[PDB]
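Colleague: Partial complex here, more coming in a sec:
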Amino acid sequence: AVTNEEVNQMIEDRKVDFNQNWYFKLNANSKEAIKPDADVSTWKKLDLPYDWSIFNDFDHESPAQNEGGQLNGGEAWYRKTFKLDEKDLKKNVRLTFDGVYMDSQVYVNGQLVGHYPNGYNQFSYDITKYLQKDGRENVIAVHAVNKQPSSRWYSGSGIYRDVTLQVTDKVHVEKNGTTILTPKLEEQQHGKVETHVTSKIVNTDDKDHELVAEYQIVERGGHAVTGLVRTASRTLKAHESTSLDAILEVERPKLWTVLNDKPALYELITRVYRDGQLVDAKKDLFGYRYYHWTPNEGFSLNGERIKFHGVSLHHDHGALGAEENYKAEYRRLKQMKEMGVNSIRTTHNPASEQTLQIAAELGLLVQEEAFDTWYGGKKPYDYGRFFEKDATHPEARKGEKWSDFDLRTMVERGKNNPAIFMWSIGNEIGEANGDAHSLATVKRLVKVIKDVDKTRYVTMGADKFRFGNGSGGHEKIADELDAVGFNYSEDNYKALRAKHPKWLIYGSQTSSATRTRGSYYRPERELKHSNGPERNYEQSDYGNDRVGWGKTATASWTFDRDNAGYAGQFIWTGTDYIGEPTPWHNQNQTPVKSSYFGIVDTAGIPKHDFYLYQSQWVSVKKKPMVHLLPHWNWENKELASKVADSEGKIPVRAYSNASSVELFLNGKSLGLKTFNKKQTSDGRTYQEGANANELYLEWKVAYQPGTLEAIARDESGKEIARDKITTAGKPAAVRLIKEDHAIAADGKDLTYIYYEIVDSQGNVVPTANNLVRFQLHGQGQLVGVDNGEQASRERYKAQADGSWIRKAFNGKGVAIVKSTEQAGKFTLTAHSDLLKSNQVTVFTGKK
């Protein structure tokens, strides 16, 4: 009766992007916000997502303090009017918010639909009963409040993630209603794999209906791998719901894995028939994989042993603030993969849909974290105050607290995503001390999850393990988890492992080295929480600065590498983020406003430790590489005296996954050096330098301006990689560097264009801080400028006169341009006082 193309059309039509044509106003009056035909002339017309905090100036007196990036919050309304199409008049309508920060209220046509306090969890409302009859204008108004301090890092404020509308028949698969399981995958993988599917179907009509479900599995961007599999026709009564179940067999599916960069994904297509008529159809993304984790050997994925080469990531995107964007998140995660990262932790809140989808697409394992606090709170306006209050959401179950409801709906949202392998129910929960209350709480939370999904490790991250020998009442909380995350606790691992032989252990937060891109200080010394005025609000890109409780990248990695029972780590952090500028944390009159912890700066530019990790985690067969530091501009006596040794020599270091590196100064060899090859006690091969604490090769080089070139070779002496640093002359030009020749004309895709200050030969000037002004013409929109400097208080957005400016920092920065909905092109031009201007052009059109 119904064609495949009609089914695919219905799937498409079921969900619409509801982001366009909102009006926004800070401190708006409630009565005006919610009422029909309000005067919106003093409101800002815009397309969502929109984080309103990122447009503020930095404020030394901000109640967020510098931990929150010194950007104020407040309260605001957003409103939108819409009519249902005539064909949709009798349909069920659900409105979904992927994240609204925070304490939100949604009104439809003057009536309160719900209050949702959580700032990060997706939530949705069935709004059908609130809509106007006969297709007259409806008004949605959303109140968002960011009362500070509410957060230990930059949160952003408002509707910072997508909003979608689902329009379905009265009989439909409920929100997150699909469950897909493959309980015998490991045994069945070389033949027919039984794929058990379940659909929660809802009849919102006031008549009984005959119900059939029909399923097909297809390769995502591939071909069908099953026929149609139908359930038995049965009655679903008026206002009731039911779970239909079926088993489909897929022959030799490709297994999802982190060991490729385009892992295999599948989609389940569900068709719903009401009295023999096709009324609903949807798809659900999933993949085939299995895993195992033992105390002494750690983790394995589809039978292959691996370690979590992981990063902790906050949700902000630098100059974009909290605004979620598919392309921004893709760039960041792709950059993490290029470093050899295979896992991410969403610290410390539910992920966007974009993050989770990209992780499944790129092959990254995900630990998704529900809570930064329990009932104790960490900041007076955080989620702590809601944690034990009764959930008032109209779909909450009897007795559910906010914590029950939020945790349940997060798990239901993500329970088919193959990237997700762990659910965290908290990070550094001070009150989780093994008292009777915290014991009751941990068991309640574990059970909420296990009542939805038993296939993923329930965990928590805890720093209590780093104090003394690590033992204490908190151990009883850890016994209730499937896996136990240690924050900065390497020193107590051996003792805790002997005490708890059965625990699945990993580092949920590690290292916490602090680094400023292109800035160097006392390479010969490890500096602990060094925040004196002589540091001038910078940390060392040699990677030798770390906080009091942290470790260098080398110390935390070599520990992990050498211990098979510590299953991996999530580095604090993969990228810089706005706020927590430790070691100047909450020194509010200093200029700092963003973090030093990242391996990559907020502008998306790698610090040198990126290449350290790459050298350790990416095999020489996959991507032979070599990387030199520091720069080669040592004219300035003050810069050089902080770096040069007693003989005036610069320590030049190479990270490489090759067998040897030879360093040349102006064409003359300074000597070939060879990594020492070694084995872990369980047989894993690794390389190190001159001793166990050095993963680089090092030369002490007397300074002669020119070119330093590193030649990396395989064991047989063939060159497989090279890197080169050059002494720059004085600034002569701004140069622009496109990442993309073209992007999609969809009003969503965007591109990162780097700007650099270069001398007259085209060498980047590594000390340069020149002010750059930007012009944009054509079919694009400037949406951000950044240079990653922690101590900068420059705007990320346009100046008050509409202009776009940003200094270089150590030679570099980035401008971010978003496409419009019109095909064509845009040209970005950069200017700087007394330097040559430059422009580049990026085309826009079909994806």
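Modeller: It's in. Numbering: from 1, shown residues only, chains lettered A, B, ... in the order given.
Colleague: The stretch of helix or strand residue A:448 belongs to - contacts with which helices or strands?
Modeller: Taking DSSP states H and E as the criterion, residue A:448 maps to helix A:436-450. Counting contacts by 3 or more CB pairs under 8 Å, 6 or more residues apart in numbering; DSSP states H and E, helix A:436-450 packs against helix A:402-414, strand A:420-427, strand A:457-462, helix A:474-478. Yep, even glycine has a C-beta here, placed from its N, CA and C like the rest.
Colleague: In TSV, list these along with mean neighbour count and distance to residue A:605.
Modeller: Compiled in TSV, the helices and strands packed on helix A:436-450 are given as follows (neighbours: other CB atoms under 10 Å; distance: least, CB to CB, whole Å):
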stretch	mean neighbour count	distance to residue A:605
helix A:402-414	23	31
strand A:420-427	24	27
strand A:457-462	24	28
helix A:474-478	21	38
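Colleague: Just send these back as JSON lines, with distance to residue A:838 too.
Modeller: Formatted as JSON lines, the helices and strands packed on helix A:436-450 follow (distance: least, CB to CB, whole Å):
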{"stretch": "helix A:402-414", "distance to residue A:838": "44"}
{"stretch": "strand A:420-427", "distance to residue A:838": "44"}
{"stretch": "strand A:457-462", "distance to residue A:838": "45"}
{"stretch": "helix A:474-478", "distance to residue A:838": "56"}
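Colleague: quick one: contacts for the residue lying closest to residue A:501 once chain neighbours are set aside?
Modeller: Leaving aside its chain neighbours, residue A:501 sits nearest to residue A:295 (6.0 Å; criterion: CB to CB, 6 or more residues apart in numbering). With contact set as CB atoms under 8 Å, 6 or more residues apart in numbering, residue A:295 has these partners: A:497, A:501, A:502, A:503, A:504, A:505, A:565.
Colleague: Quick one: which of these is the most crowded by neighbours?
Modeller: Within the contacts of residue A:295, residue A:505 tops the neighbour count with 24 neighbours, counted by other CB atoms under 10 Å.
Colleague: shouldn't it be in contact with residue A:497?
Modeller: Yes. In this structure, residue A:505 is within contact of residue A:497 by CB atoms under 8 Å, at 6.7 Å.
Colleague: Mutual contacts of those two, please.
Modeller: A:295, A:565, A:566.
Colleague: Go through those residues and say which is closest to residue A:426.
Modeller: Closest approach between the shared contacts of residue A:505 and residue A:497 and residue A:426, by CB to CB: residue A:566, at 20.4 Å.
Colleague: beta partners of that closest one?
Modeller: Assessed by DSSP bridges, residue A:566 has beta-bridge partners residue A:505.
Colleague: what's around it, how many residues?
Modeller: Here the number of neighbours of residue A:566 (other CB under 10 Å) works out to 23.
Colleague: The closest residue to residue A:822 other than its chain neighbours and residue A:263, how far apart?
Modeller: Excluding its sequence neighbours, the residue lying closest to residue A:822 (CB to CB, 6+ apart) is residue A:779, at 4.9 Å. Using CB to CB, to the nearest Å, one obtains 34 Å as the distance from residue A:779 to residue A:263.
Colleague: Sequence for chain B below, add it please:
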Amino acid sequence: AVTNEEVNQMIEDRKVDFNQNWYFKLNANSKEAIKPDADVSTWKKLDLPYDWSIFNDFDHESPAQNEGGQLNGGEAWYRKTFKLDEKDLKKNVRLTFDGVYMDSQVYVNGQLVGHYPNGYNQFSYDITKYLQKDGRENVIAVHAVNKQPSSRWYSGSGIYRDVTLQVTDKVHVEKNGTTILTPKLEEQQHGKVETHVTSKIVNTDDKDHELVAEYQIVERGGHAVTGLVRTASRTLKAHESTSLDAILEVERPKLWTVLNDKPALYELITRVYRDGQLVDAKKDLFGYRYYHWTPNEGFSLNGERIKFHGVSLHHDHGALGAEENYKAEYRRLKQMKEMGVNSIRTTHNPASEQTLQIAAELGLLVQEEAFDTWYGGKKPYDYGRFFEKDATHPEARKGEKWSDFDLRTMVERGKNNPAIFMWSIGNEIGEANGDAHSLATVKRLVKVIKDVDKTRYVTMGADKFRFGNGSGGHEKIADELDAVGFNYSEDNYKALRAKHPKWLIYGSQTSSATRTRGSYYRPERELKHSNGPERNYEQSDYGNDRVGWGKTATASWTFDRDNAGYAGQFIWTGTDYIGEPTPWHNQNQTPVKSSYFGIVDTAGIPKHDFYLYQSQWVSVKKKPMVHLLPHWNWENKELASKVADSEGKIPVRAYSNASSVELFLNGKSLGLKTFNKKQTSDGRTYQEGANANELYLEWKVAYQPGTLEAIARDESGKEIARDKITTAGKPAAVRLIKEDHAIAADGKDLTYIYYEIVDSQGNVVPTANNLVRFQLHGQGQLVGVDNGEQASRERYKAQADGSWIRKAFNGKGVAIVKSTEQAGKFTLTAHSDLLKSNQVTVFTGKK
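Modeller: Putting chain B together with the chains above:
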């Protein structure tokens, strides 16, 4: 004003598939066919394309004779009713036929729109003035006549290619109205390449309008590579047309080439504005490439010297008859590429849109041929009788003959396709003898083409060069061409080259070896036109049979390989086709009905010479291979006596592109043999066997049943390929072999499922001819069965009782199943008397 997605939607909506819901009736009455509300109950309802001849039984008295496959033609009507949508009431409507064989008439609402005699050329009609006002039902009726004999090969009858409807604004780009040129590509290729575009725009309205065109170039399935480039706004008067022109620059485009299997293609998007409103948009496929051809060095593509490794291909697809199908043509051309083919010749008629598009997509050079005759005719009902008659098409220009009009519109259709590099204006034109009439004709035809397109070689194929020394009046015709095709004229090449130093020469038809898959005869001897009753209507798969005027694959290839000034060849033929069963040509009471010339049989199964060519044309780096012949079942004394030498030994031969092959009999070596490496006088490297006439390695093997295994090695002695033949026991089962696990549910995609007769160990029985019956269940449709046997008179289609049956031939055959528009799956089951049945399942759904 207008978004990219709206532009792409308009492009899509401009052209629709008009193939569904036609009614067909052989010998229908004209008055009933054309009139409104005819009773169609005695008509067959069907979706086009539909070749009605392929459903006939073979007929010994067919006026087609066996050269035409002994399948009758006749005359038939097709009719379809349709209403214009309300939004389309004032639009221009053009109806396009990609091919109707032949002598067609199209009626719209009782009125004759046109008579088009050509059976292969695409044609279209503006039917706007014939349509009903206010959106009442329109009737299209198409009369097709296949009065025989009209053809030297199987033509098919009726509407055997797609029909499309274009619905556009009154102001629009005319049919084939786009020209795209890159005249400085070779010079500009490393920077910005100027892409000159021209659009013929037509104003069919009776008011003047202001006209602007806007262009963008995009990578096909990639991203934009230009912005929007607009023309100056100017008036286009009522009922007039004009040519707009613009230049776009594309930076370093990827060059289209035959040396990869996914060459780079681009699309030009044109937007047309009428009084500032976007009213028309379309795209045109093209690619960037340049070529050169010199008398002494032959052809080069983008600066790389190559030879045409070419095949001649007829339009029929075996059991599909003349029905054109994208998937069938894709399979065939992909199979040609896997053999090392880089060029095709469309013998001897314009190509379908599918052929030309697939050739651009797979990287095959195309010579498209317009005529099998001029004014002389070859068969009484062929095109000869129309060639010099005045074109009556409503869009013909004053004084145009049918030959002018057909040649012009073919060139206009294909002038942007990067695969097309040569236009042929005839093949073996007997009357092109250099008399005054034929001289006038050749110059007229060359000029028709050069008035449209100067970038492609105008050519002809001629066998007059093979008689005597090759000289004669025909030389004067050849002097008028850009390139001269020699049919079977290798023996006179040296003399003709010395006589005409400036000619660009190639073999437009070569070899014409005759072969039956799996049948072997006197391998020690070259057999010339051997058609005695002892041959039992079979030819030798050793490749040693050829027609009187032909050559073996080896003799024609080694000639080409050794002569740089003979630019390549088009083998007669790439695949078998229905009709011309030489050397039993027009011996009408014999059983033969299909050709022996193909390298691949009509069922798509390679003959052994496929692997000969592959061994010569595909590099060992690209695909190391080895291939053994004959089979290893020599029990039957009569079969063996035609093959075994005087000592009873079987000559076993290996084709390979490797350095050496070692043959093993039942695990025991029969000796490693090594190809002799040699060079052409111009330095091209090649391999040969024991002497210059042997491209294989050969062993004379005393027959012991079991396994023969060939191990092919590189120079250093590493194994890079192997092949294996096994003695089969008696038939025990039918086995089915899927090419596809799944296909699209679009009612167009189809799949080839091979069936084989196997013994109880799963070895193919190479002599087996068992009758197989097929059942199909689920979402598919059987559309063909075939086994490639020339002497078979079995149906390709269903039996008169609706059943599907076909014998194996030498162990094998194929069944072809088409998808429907519903997702799901189909199961094909095969049965055979006293053997085990087998089934396979193919899924259908998203592409």
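Colleague: Report the inter-axis angle for the helix holding residue A:448 versus strand A:420-427.
Modeller: Helix A:436-450 and strand A:420-427 are oriented at 160 degrees to each other (axes from the mean of the first three to the mean of the last three CA atoms, to 10 degrees).
Colleague: Show me the contact partners of helix A:436-450.
Modeller: Here helix A:436-450 makes contact (CB atoms under 8 Å, 6 or more residues apart in numbering or on different chains) with A:374-375, A:403-404, A:407-408, A:411, A:423, A:425, A:429, A:431-432, A:456, A:458, A:460, A:476-477, A:480-481.
Colleague: how many neighbours does the closest residue to residue A:409 other than its chain neighbours have?
Modeller: Counting by CB to CB, 6 or more residues apart in numbering or on different chains, residue A:409 lies nearest to residue A:121, which is 6.6 Å off, once chain neighbours are set aside. Residues within reach of residue A:121, counting by other CB atoms under 10 Å in any protein chain shown, total 22.
Colleague: and what of the one 3 residues further on?
Modeller: Residues lying near residue A:124 (other CB under 10 Å) number 23.
Colleague: which residues does the nearest residue to it once chain neighbours are set aside bridge with?
Modeller: Leaving aside its chain neighbours, residue A:124 sits nearest to residue A:96 (3.8 Å; criterion: CB to CB, 6+ apart). Beta-bridge partners recorded for residue A:96 (DSSP bridges): residue A:124, residue A:164.
Colleague: quick one, what contacts residue A:96?
Modeller: The contact partners of residue A:96, taken as CB under 8 Å, 6+ apart, are A:122, A:123, A:124, A:163, A:164, A:165, A:166, A:175.
Colleague: cool, and residue A:128?
Modeller: Shown in contact with residue A:128 (CB under 8 Å, 6+ apart): A:91, A:92, A:93, A:94, A:204.
Colleague: can those residues go into CSV with extra columns for distance to residue B:353, neighbour count and secondary structure?
Modeller: Compiled in CSV, the contacts of residue A:128 are given as follows (distance: CB to CB, whole Å; neighbours: other CB atoms under 10 Å in any protein chain shown; DSSP: H, G, I helix; E, B strand; the rest coil):
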residue, distance to residue B:353, neighbour count, secondary structure
A:91, 41, 18, coil
A:92, 45, 21, strand
A:93, 44, 20, strand
A:94, 45, 18, strand
A:204, 49, 19, coil
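Colleague: list the contacts for the residue in the stretch 401-550 of chain A positioned nearest to chain B?
Modeller: The minimum distance from the stretch 401-550 of chain A to chain B, using CB to the nearest CB, falls at residue A:416 (18.7 Å). Residues in contact with residue A:416 (CB under 8 Å, 6+ apart) are A:178, A:179, A:180, A:284, A:285, A:286.
Colleague: So what does it look like in phi/psi?
Modeller: Here is the backbone geometry of residue A:416 (degrees, to the nearest 10): phi -100, psi -10.
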